[PDB]
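All of the numbers you see were taken from the coordinates with simple rules; none came from a lab.
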Amino acid sequence: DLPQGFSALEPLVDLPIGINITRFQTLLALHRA
Amino acid sequence: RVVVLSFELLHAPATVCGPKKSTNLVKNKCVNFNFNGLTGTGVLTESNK
């Protein structure tokens with residue numbers, strides 16, 4: 001539920017990895033959204 | 001025990017690195033300063049911002 005309002009995103013981390021990123025995904029935690 | 005350290009530059013971006021030095025700061029005096037690579041000349045004063 002993205003509400004109506006204004007908020008700024010203060011920088012958290014920057015890292016000099018220096019590789020190419022072309023795709024992305026996410027992962028979940030389950031032990032046998 | 002002697003180690004031959006290698007400082008190598010290759011076809012890789014220089015993204016990853018390091019640095020340092022420190023003299024007691026003066027105040028209320030026309031001086032030229034170097035703050036972490038930001039260089040200038042002026043008078044430094046205590047501020048409430």
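Odds and ends about this structure:
- Rounded to whole Hz, the Karplus (6.51, -1.76, 1.60) HN-Hα couplings of segment A:7-15, x for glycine and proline: 8, 9, 9, 5, x, 9, 8, 10, 9
- Pairs of Cα atoms nearer than 8 Å and 6+ residues apart set the relative contact order; for chain B it is 24 percent.
- Semi-axes of the equivalent ellipsoid of the protein assembly as shown are 41, 31, 14 Å, computed as sqrt(5λ) over the eigenvalues of the C-alpha gyration tensor in descending order.
- Whether chain B is rounded, prolate or oblate, judged on the alpha carbon gyration tensor where a/c under 1.5 counts as rounded: prolate
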